[PDB]
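Protein chains in written order, with the authors' numbering: chain I, 29 to 418; chain E, 29 to 418; chain A, 29 to 418; chain F, 153 to 252. Built from N, CA and C at the ideal position, the CB exists for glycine as well. Heads up: the structure comes next, in structure tokens.
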Amino acid sequence: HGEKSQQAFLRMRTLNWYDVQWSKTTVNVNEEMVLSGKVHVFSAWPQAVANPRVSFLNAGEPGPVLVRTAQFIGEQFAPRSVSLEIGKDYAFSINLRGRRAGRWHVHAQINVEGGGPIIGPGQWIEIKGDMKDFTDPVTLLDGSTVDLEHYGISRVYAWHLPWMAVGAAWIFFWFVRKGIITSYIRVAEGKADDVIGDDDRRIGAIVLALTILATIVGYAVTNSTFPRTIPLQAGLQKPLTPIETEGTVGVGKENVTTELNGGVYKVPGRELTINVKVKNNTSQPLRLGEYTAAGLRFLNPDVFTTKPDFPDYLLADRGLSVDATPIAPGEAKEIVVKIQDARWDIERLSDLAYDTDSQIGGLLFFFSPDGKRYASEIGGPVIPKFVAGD
Amino acid sequence: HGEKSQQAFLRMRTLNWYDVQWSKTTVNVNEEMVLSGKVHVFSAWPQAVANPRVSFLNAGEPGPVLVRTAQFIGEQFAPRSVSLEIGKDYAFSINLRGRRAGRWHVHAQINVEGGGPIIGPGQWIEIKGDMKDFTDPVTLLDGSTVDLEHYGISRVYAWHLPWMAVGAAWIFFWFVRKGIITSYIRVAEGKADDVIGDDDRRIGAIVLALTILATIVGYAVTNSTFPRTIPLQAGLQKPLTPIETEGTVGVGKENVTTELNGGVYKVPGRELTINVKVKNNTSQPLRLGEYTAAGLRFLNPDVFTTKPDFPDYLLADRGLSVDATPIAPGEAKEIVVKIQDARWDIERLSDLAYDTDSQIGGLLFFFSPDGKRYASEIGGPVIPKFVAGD
Amino acid sequence: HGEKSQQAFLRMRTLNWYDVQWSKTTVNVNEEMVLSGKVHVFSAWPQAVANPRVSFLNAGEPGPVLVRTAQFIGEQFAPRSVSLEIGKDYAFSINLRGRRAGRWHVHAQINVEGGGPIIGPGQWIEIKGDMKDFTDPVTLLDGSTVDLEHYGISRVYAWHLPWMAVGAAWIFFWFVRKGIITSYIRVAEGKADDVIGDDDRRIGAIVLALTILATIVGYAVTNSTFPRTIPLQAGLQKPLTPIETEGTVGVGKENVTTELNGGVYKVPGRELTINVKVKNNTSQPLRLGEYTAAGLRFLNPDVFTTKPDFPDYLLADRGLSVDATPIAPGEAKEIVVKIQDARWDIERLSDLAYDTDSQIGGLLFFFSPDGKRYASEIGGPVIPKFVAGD
Amino acid sequence: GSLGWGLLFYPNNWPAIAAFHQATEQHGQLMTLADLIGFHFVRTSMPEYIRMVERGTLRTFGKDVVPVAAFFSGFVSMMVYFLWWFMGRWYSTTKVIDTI
Ligand SMILES: [Cu+2]
Ligand SMILES: [Cu+2]
Ligand SMILES: [Cu+2]
């Protein structure tokens, strides 16, 4: 939930997040909502962050308020680490079973090997019920079921607590049998030898014999129950398959091309002005309708006359404008875009002045006459305008 | 020869070995057999093993029972380390001159930088003759010949053993000139100084003067013989050229595509059942004839009516079947393949249940009406069936 | 300027430098010459040297005899580190303002992350004027100008020397207030305490209170002047765009292809003889006119009848020949090329016999009837001929 | 002492070593005899690349590779020497101790 504090330029120039959706913004305990979305792996991946060759998909949530039943990315079931190729887009989804009653703000999240966490968008998710009621469950290969919430905890305590008690016996035994001070003084004087000497050692040799025997038994038993068992399954997954539809940055015969060519944000701010050398490249006239940054959406109300379903917070209606002059096909045009919203500042993206790379990143969304969306990646150096203000 | 003990899943999902051939399974000392074959670098290269960017081709054999005269891979002479690219196939060969009389089991072998050895197939290779007779030889740039088996060993001893004798003189001198106990006692009392003091130090400065002299001489002589000399030649070879014929996984206009879609092997076992989503993609009808794993061959006796020349051991005749229903062209078909053989168990590939990645790897071999072979890579998670019967 | 001493083979098989030009080989102080060119990132990049994934473009010159005003490579302004891809060519240029009166030998230069410096060609560049007259300047975002040569150095001294003096006061104070020998002796006897005890401690607490005060002040002042400030801007630049014109190795429909097939250089030498399997591949007949190595040019006087503008030194007129028999189009031909010049020995390239990798690298230049230049890369193992005589 | 020990090493090995640094042409490539002895007599577990021998750098200047190696080996052997002298001493200890 800390996305606010992460370095602005890094959240912008790594993972570009889009079409994130939550099945249901309410669930019962045991009721099975699902979070999904698509992500574009920025092309000019910052030095600061490991290459995303090793990454992991996650539900950004305050502990297991929702169990995760499964998740997928790049068209694979991804309970282990996966590779993300710079410049491509991947689609993902996470199957989330409610568990703890309350109002949690649940995120899409991916972490890079030597990078750290990158947080997507998050939506409040009211859960109701009593946690007492939550179950899993899960099926073994042998065919049986087990409720995970509880399975095995019994057996654990069964082995731990007895031994802890044994340990405490051993101590209390010697303690009250030969004091601290008594035994200190004995030792401090000549002896010693009063303190130990067999048959103190007979006790020891016996206690030990029982201990080992307690082990060989406990082993053999727990070896009879569960005589199957396999080792923990680990390691990087086979390469993913990216999105090929359609398009979708650098995919298909038709597409938009955006260069950045100068930028300026106010400090302090709410505003960003960028000149974009668009090319299109499709065969329809394109209007620019959306710009996404760190999960932040900036909409052209000319194109988003309405007005999507998307957590607040997060979703702006001032990603405007052009001269709504649809451009192509074929047409190459440099177009001043103003991006203005309180969210830009509220999401600390105006703290880009603080960064060691004053640089912008993200996706542009052009639309045709009809629905058809065409995506192009924008990025590069934007300059601050140092305005009077706090 | 220890291939049996290596981790099953790793052997299967790294190098896929095929068409391995031994020129002659008998040689005379000095007679010049050659081992060759082709290898496909699996596509989902496991985490456990370094990337094969740095590899080295080798003859797996119990010491120099055969000298290697040269070797080649990716169409290069490869006496140094070379890059192998994930997903491609390389062809290699090793020129092996018989040397030591016996019955050796000689393998194709590649080692990866931070990976270790990957052993291919091996065939027994009867050598006869007397080792005494083995020669090389080899030609210098100056044009002269040298038998390598012997060359230079004279000159070495010539310099080594004299100096060892010298060293032993120096010791026995001072020892029998002033004993241990004598000189200990001397030193232990006041002196010392009886033990040394010049002209013990005259002996020293002289012995030293002769030593350095002996060196400047020995140097200048051996600098006169051999006044050419170059430094050891080391480092990674230029990139290899893969196989482009034809095809040969992901090469050419026509090809087969196999997805794995579920597997199951018995534990303990001998059996593997897998469902394969084949596409083809060629313009001929294809029957699946072979499947290779760690150099193990599994043959469809419908396709291999006979019945190749290939070390036991290693070569199965139950890689069956389909409904022999040749598939395409164009046809996309999911087909249950049973693989059963004692070799699967004998080669510890049933110990895949022990591995931290329960996953299969390897090549599938589809054939047309006529000979034409089409190769596709198969891989992914297979589940164990835990069966009774010990 | 030490390029001579670097390992021969490495210089040849890393960066292949061409079309290096110096705007003006004379400048006035403040007069604004430019050094530019193009470079081809050899394909078989040596082990010894880091992958050039991280590199930096530089003017090879004895300190700031010219200020650099800007530089660009791969069509980017590159004041920070940049990726070069193996196999590609990049063009660059460095804008250099004269600053210090003399005759300097300025180079094109690129350094690789874990590799070191690779020096291009260099030309003497006579500067004249008085250093006193040199300025920059430079413009801030607030709009104002500053002469860099001087800016800031006032304010620095302002803060440094006061405190150094203060430091010196503190020392000289306690020194002459209780000497060394005095205070040693005091301490050496019982006391001590004569030496210190308050109100030596009052002086302390005061001097300290003023120090901290002096700091809070100096801070808040320098925070008022310059109330903007940004952190240093660092990190690897977005990937470059290579040269696509035309061609330019492995670019376009038409091109030449050269394989090395055997080589020989004399030791000691001046001469190199190489058999080149050229293919072409264009649609014009091609004559080989140039060969470049470490920035060394070897020209066919048949093709270079005249006779380019290029620092001595460096530029040979014996990269000959063929049978001037223009080859193609379509034609595949193996063609003995002799390279002979004192420059090959003078630039220590004959010290390839000293290297751990006896191997040549660089670009071959083929020309059409008209001007058109076609570039192919050449490289691989050459053998030394060990010759007697001077 | 150690500075000598350092410098004399390569010199005193040359006599046995030179013989194998004679050049051969193998399949259009240069090798030293040594490289080849290695390549020929097959070691099951010894891929060239494991070696850790000189492979060139850009910061080599010369023609100097052995002298610098030996001087370096000399100067470092000074420190090893001391430490190992005093360890030779520590090991010579006739100290008897009272319990275990
Ligand atoms: Cu949140
Ligand atoms: Cu074997
Ligand atoms: Cu120079």
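Relative to the Cα of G148/E, the nearest Cα in the group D222/E, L38/E, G142/E belongs to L38/E.
Along the region 195-209 of chain F, the positions whose C-beta sits under 7 Å from a C-beta of chain A are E206, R207, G208, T209, read in chain order. Classified as buried, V284/A has 16 or more neighbouring CB atoms from the shown chains inside 10 Å of its CB. The C-beta of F200/I has fewer than 16 other C-beta atoms within 10 Å across all chains shown, which makes the residue exposed. Among the residues of the region 157-182 of chain A, those with a Cβ less than 8 Å away from any Cβ of chain I are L169, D170, in the order of the chain. For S211/A, the enclosing alpha helix (DSSP H) stretches over residues 208-216.
Judged by DSSP in its simplified three-state form, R371/I adopts helix. DSSP places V304/E in the strand class (E or B) of the three-state scheme.
Between the C-alpha atoms of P74/E and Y402/E there is a straight-line separation of about 25 Å. In the displayed model, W132/A falls within a strand according to three-state DSSP. Under the 9 Å criterion on CB atoms, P259/I is classed as interfacial with respect to chain E. Not a single C-beta of chain A is nearer than 9 Å to the C-beta of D418/I.
Counted as a single uninterrupted DSSP element, the beta strand (DSSP E) harbouring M183/F occupies residues 181-184. Residues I153, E154, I155, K156 of the same chain have their beta carbon placed closer than 8 Å to that of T54/A, with the five preceding and five following residues left out of the count.
Contact note: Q75/E reaches chain I through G263, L264, using a C-beta cutoff of 7 Å and chain order.
Cα atoms of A381/I and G263/A: separation of roughly 16 Å, rounded to the nearest angstrom. Between the region 339-351 of chain E and the region 364-372 of chain E there are three or more C-beta pairs closer than 8 Å, enough to call the two in contact.
Just measuring C-alpha positions, the residue of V295/A, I406/A, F393/A, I363/A sitting nearest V415/A is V295/A. Those residues that have a beta carbon less than 7 Å away from any non-hydrogen atom of ligand 1 are, in order along the chain, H29/I, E31/I, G88/I, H133/I, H135/I, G150/I. DSSP lists no beta-bridge partner residue for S386/E. Residue pairing for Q104/A: DSSP places it in a beta bridge opposite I101/A. Between the alpha carbons of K281/I and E318/I lies a gap of roughly 22 Å.
When distances are taken from the beta-carbon of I202/F to the heavy atoms of ligand 2, even the shortest one reaches 8 Å or more.
Under the 9 Å criterion on CB atoms, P296/E is classed as non-interfacial with respect to chain I. Burial check for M40/A: the Cβ neighbour count within 10 Å reaches 16 or more, so the residue is buried.
Within chain I, the residues whose beta carbon sits less than 8 Å from that of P267/A are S71, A72, listed in sequence order.
With a contact defined as Cβ atoms closer than 8 Å, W50/I and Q151/I qualify at about 5 Å.
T209, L210, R211, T212, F213, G214, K215: these are the residues of the region 209-226 of chain F whose beta carbon lies less than 7 Å from some beta carbon of chain A, given in chain order. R256: these are the residues of the region 226-256 of chain A whose beta carbon lies less than 7 Å from some beta carbon of chain I, given in chain order. Under the three-state reduction of DSSP output, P412/E falls in the strand class. Taking 9 Å as the cut-off, the beta carbon of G290/A is found closer than this to the beta carbon of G180/F. By the criterion of a C-beta distance shorter than 8 Å, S111/I is surrounded in its chain by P80, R81, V82, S83, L264, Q265, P267, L268, once the five residues flanking it on both sides are discounted.
Distance from the CA atom of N56/I to the CA atom of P92/I, rounded to whole angstroms, is 15 Å. Here the alpha carbons of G407/E and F224/F stand approximately 52 Å from one another. Nearest CB-CB separation between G180/F and chain E: below the 9 Å threshold. At least 9 Å separates the CB of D250/F from every CB of chain E.
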